[PDB]
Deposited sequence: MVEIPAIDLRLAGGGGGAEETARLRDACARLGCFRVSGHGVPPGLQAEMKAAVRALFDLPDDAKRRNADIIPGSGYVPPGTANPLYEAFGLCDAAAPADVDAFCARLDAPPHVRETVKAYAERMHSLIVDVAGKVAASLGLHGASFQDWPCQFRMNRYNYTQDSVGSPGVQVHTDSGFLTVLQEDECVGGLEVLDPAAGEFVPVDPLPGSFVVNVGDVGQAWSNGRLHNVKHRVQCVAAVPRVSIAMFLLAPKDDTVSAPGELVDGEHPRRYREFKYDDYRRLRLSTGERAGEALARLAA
């Protein structure tokens, strides 16, 4: 159901069909799975263990991991706890975060390698998306990112309840690695108006388009609404890399995306201001973009 895109295949000629499949998934659904991503299974297995080690830390160690670099670190709960790292595209922030974690050295080094590999992956995905719209020369390498590790502490009581309410991601694109054993990711299919489970598929990643994706693409890429249902009584652990917006914080569709049959949809805006707008309105499912129409 959710399209699977092989990233090694996507490209030209023989890759042309897979690139068109990529664009179609971004346009119709805003969500797809990625294979061919090049992240080694050994590193994935080390990261799974390391993230569980981190969340299995005594509460007091977890709390020494709060605010270890400005704005980032451990975030306590309501069944939710997380480690967040901004700016995950900045090598000096990634280095200091991992050096500052109260954790065993082998854990800190695995997190560092994985955040670095996820950054390269989301930049590679963003580039292939941009090329499916005919855009070359775009570099996403220095766009700020937010790396997050989360755990949802499900119990028997929370089974059946949406373990995360419906929202869009504010930013451009998101790459997610879901718990293999507990999948709850559901995305609203904009063509039927129905939630579609994104069942876990080991060793692959999920990609979601966010609000900045919709705006930068001049409406061509769908900012996907999604939620997480609690589907078992077991803690769910997941990892996400959020590609946010350009380094200069300005969101503006590129020239070549304004047609004549698809006129320019949104005024130029600053990502940080948009984030404030979601905050003050409570509109966290893309509604606030309507207030930014051109």
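Undergrad: Where does the model skip over parts of the deposited sequence?
TA: Since the structure holds only modelled residues, the stretches it omits are 1 to 2, 80 to 83.
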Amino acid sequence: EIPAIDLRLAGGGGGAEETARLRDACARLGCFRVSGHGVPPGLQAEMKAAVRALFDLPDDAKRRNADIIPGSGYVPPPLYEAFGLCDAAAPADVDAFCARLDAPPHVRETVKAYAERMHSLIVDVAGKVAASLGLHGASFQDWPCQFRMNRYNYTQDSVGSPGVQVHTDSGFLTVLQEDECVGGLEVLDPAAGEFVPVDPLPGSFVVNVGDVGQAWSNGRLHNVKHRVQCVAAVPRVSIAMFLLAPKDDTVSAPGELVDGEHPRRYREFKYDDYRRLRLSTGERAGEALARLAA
From here on, numbers count along this sequence of modelled residues.
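Undergrad: Select between 212 to 220 and 156 to 164 the stretch whose C-alpha atoms have the higher average B-factor in the entry.
TA: Between 156 to 164 and 212 to 220, it is 156 to 164 that shows the higher mean C-alpha B-factor.
Undergrad: Mean C-alpha B factor from the entry: is it higher for 21 to 29 or for 8 to 16?
TA: Stretch with the higher mean C-alpha B-factor: 8 to 16.
Undergrad: Which one, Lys128, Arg100, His136, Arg117, has the peak C-alpha temperature factor per the PDB entry?
TA: That would be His136.
Undergrad: Whose C-alpha has the highest temperature factor in the PDB entry: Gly171, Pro202, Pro104, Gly84?
TA: So the option with the highest C-alpha B-factor is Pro202.
Undergrad: Grab the CA temperature factor for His226 from the record and place it in the lowest, middle or highest third of its chain.
TA: Middle third - that is where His226 ends up once the chain's C-alpha B-factors are sorted.
Undergrad: How does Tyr266 rank on Cα B-factor within its chain, lowest, middle or highest third?
TA: Ranked within chain, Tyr266 CA B lands in the middle tercile.
Undergrad: Determine, from the deposited record, the chain-internal third of the Cα B-factor for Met241: lowest, middle or highest.
TA: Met241: CA B-factor falls in the lowest third of its chain.
Undergrad: Could you tell me which third, lowest, middle or highest, the C-alpha B-factor of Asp56 occupies within its chain?
TA: Highest third, going by the recorded CA B-factors of the chain.
Undergrad: Pull the Cα B-factor of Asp248 out of the PDB entry and bin it into the chain's lowest, middle or highest third.
TA: Middle third by C-alpha B-factor.
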